[PDB]
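Single chain ahead, written as structure tokens, the form deposited in one PDB entry.
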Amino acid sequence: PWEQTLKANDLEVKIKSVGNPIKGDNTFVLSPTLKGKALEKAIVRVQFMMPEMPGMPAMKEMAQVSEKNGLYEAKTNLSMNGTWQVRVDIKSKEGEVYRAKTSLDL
């Protein structure tokens, strides 16, 4: 499974796919920590997008995110194969705002 550890300001975000990422339905699990302490009850948003490029207009998919057993589960539908940019936006319970970026090849 696809897995990466991202840095978002002072925050560490581990992201892992449930299975191999493919065109269609996808599930990802996110584990955000701040100085080693897991971020609980946070607002987590995950956006997948392919930027505007020669021959292809920009497209964006917003994941449905839910918190389960201390982890954040992001479900989305990726309508086509190709390279997808991943943007993670987190707002902690205290109001702190963090952002991390990466990309994956489908």
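Shifts are known only where both forms have a C-alpha. Numbers for residues come from their place in the sequence shown, where the first is 1. Between two forms, the rigid core is the largest collection of C-alphas that superpose within 1.5 Å.
Note that the form deposited in another entry isn't included here; everything after this is about it.
*Which is the one residue in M56, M49, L71, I43 whose C-alpha moves 2 Å or more between the shown form and the other one, relative to the superposed rigid core?*
Spelled out, the residue whose C-alpha shifts by 2 Å or more is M56.
*Kindly check if the Cα atom of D10 is displaced 2 angstroms or more between the shown form and the other one relative to the superposed rigid core.*
Yes; that C-alpha moves by at least 2 Å between the shown form and the other one.
*Spell out which consecutive segments of 3+ residues have Cα shifts of at least 2 angstroms at every position between the shown form and the other one, with the rigid core used for superposition.*
Three-plus residue runs displaced between the shown form and the other one: 8-10, 52-57.
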